[PDB]
Amino acid sequence: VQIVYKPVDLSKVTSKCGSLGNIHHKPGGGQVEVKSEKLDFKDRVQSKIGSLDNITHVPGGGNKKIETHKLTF
Amino acid sequence: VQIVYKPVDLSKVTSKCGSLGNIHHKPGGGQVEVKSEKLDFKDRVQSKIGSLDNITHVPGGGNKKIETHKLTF
Amino acid sequence: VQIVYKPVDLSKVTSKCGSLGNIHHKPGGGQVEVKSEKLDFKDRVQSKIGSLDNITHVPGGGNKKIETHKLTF
Amino acid sequence: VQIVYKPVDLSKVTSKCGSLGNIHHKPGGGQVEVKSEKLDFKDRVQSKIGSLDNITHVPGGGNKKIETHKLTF
Amino acid sequence: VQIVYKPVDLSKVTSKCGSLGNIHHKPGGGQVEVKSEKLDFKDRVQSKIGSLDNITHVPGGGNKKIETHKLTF
Amino acid sequence: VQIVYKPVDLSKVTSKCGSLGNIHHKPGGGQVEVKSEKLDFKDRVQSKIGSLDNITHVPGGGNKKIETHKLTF
Amino acid sequence: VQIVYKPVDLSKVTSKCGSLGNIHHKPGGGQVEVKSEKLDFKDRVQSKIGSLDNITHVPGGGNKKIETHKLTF
Amino acid sequence: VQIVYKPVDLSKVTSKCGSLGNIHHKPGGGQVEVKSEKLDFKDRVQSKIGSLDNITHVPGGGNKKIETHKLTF
Amino acid sequence: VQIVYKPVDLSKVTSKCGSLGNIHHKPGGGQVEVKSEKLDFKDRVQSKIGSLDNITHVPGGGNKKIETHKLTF
């Protein structure tokens, strides 16, 4: 058996931006109150309170190319 | 058997940005209170309180190319 | 058996950014209060309180190329 | 005569505020013209002209408790 | 005569503020003109012209407790 | 006659403020002109012209407790 | 012949402005694309492309007096 | 011959403005596409493309007095 | 012949401005693309591409008096 696997990729993924700005992200600028009395936990607790895991993501490009070349004989 | 795995990549993934800026991230500028009374824990506790794990990510490009070349025989 | 594995890569992953700046990150500029009374813990406690693990990441490029070449005979 | 004056005060006066801001006070940004000719004052003059006695008052709390305990025999 | 004057105070006056800011006070950014001709004053003059006695007051708390304990026999 | 004057004070006046800032006070950034011709004053003159007695007061607490204990026999 | 040319000018051209501001001029914040193929020019070319010759003019007065005194004998 | 040319001008041209502001001018925030193929120009070309010659003119006065005094003998 | 040319000018051109500011000029903050293929020019080319000859002019007065005195005998 003869197999030729010769894909050719000449693609452009392109982004052009004049200006990118004046971006405001303000998570949890408010008021958070947690009051707990006489609670019973028989098993594990994970607790997050406040302003956690917030992201501001401002890439000047942020382009993605995902490319799988799989040959199975 | 003859296998010729010869993929060719000439791709461009490209970003052009003139200016990128005036970015504000203010997580947990607020007021947080946790009051706890007579709580009972019989197994492990993880607690995170306040402003944790917040990210400001401003890459000038931030482009990604993900590229898998797999041959199975 | 003959296997020729000759993938060819001439790609570019490219960023051009004119200016990148005026970036403000202020985690936990607020007010945080934790009050605990008569608590019972029978097993491990992990506690993080305040402003922890916050990130400012401003790379002039920040491009990624991920490229896996696997041949399995 | 026996007098017992035994009031007990356990009160809370409480204020909780997440964030307080972006406050603009601009007294007398306008145009003020006073033109006086041949006036006669036989008695005292007080004159205030322009932008006087303006207040910006931004307390983070600003709570008031006023409490009079008067016993007259 | 027996007088027992035993008022008991356990009060709290409390303020909790996460963030307090971005406060602008601009008295008399305008234009003021006073033109006076041939005026006659037979008695005292007080004159204030322009931007006087203006206050910016931004206390992080600013709470007041006023408390009078009067016994008159 | 027996007077027992035993007022008991356990009070707190309390402020908690996370951050306090970005405060701008600009009195008399304007234009002031006073023009006087042929005026006659027969008695005392007080004159203030321009930007006088303006206050910026930004205490981190600024709490007041006023407490008068008067016994009159 | 006697010619007496005695024009008298006591005029006032006057502007009084309290405050002048918050002026935004943003020419060419948009996107401009010029694509040219196989064009033939036998004589001179002037080309302007983009954001050119734009003016922001904010004079605090900006008054004009134009005054011609012509005597022809 | 006797000619007396004795015009007297005592005029006021006057402007009073309290405040002048919050002015936004945004020429060419849109999208401009010019596509040219196989065009033939036998003679001179002037081309302007984009956001050109735009004016924001915000005078605090902007008064004009135009005044010709012409005597012909 | 007697010619008396005695024009008398006592004029004022006057500006009073309290405050002048917060002026933003942003020409060509957008994205400009010029693409040229196989063009032929037989005579001179002037080309301006981008953000050229833009003006911000904010004089505190900016008044003009233009005054021509011509006597022709």
What does the net charge come to around I:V4 if you take all other residues with beta carbon closer than 13 Å to its beta carbon, with K and R at +1 and D and E at -1?
+3
Restricting to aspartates and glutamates and to Cα separations under 20 Å from E:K70, and discarding same-chain partners fewer than 8 apart, the set is D:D9, D:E67, E:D9, F:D9, F:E67
Could you rank the peptides G:9-20, H:12-23 by their average count of other C-beta atoms within 10 Å per residue, with the highest value first?
G:9-20, H:12-23
Summing +1 for each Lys or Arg and -1 for each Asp or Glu, what net charge is found among the other residues whose Cβ lies under 11 Å from the Cβ of E:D53?
+1
Please report, in whole Å³, the volume per residue of the convex hull around the C-alpha atoms of chain D.
115
Compute the signed sum of charges (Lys and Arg +1, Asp and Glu -1) over the other residues within less than 10 Å, Cβ to Cβ, of H:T14.
+4
Could you work out how far the C-alpha centroid of the stretch G:1-53 sits from that of the stretch A:23-57, in angstrom?
57
Run the reach check for C:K42 against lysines, Cα to Cα strictly under 25 Å, same-chain hits fewer than 8 apart removed. What comes back?
A:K35, A:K38, A:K42, A:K48, B:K35, B:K38, B:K42, B:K48
So, for the Cα atoms of the protein assembly as shown, Rg and Dmax in Å stand at 39.1, 126
Residues H:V58, H:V34, C:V8, H:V1 arranged by fewest to most Cβ contacts within 10 Å:
H:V1, C:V8, H:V34, H:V58
Taking a point 7 angstrom from the Cα of C:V4 along the C-beta vector, which residues in the stretch B:1-43 have backbone N less than 20 Å away?
B:1-10
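A quick note on method: Cβ atoms are made from the backbone with ideal geometry, for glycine too, and the neighbour counts reach across all protein chains shown. A short reminder: the numbers here are calculations on the coordinates, not readings from a lab.
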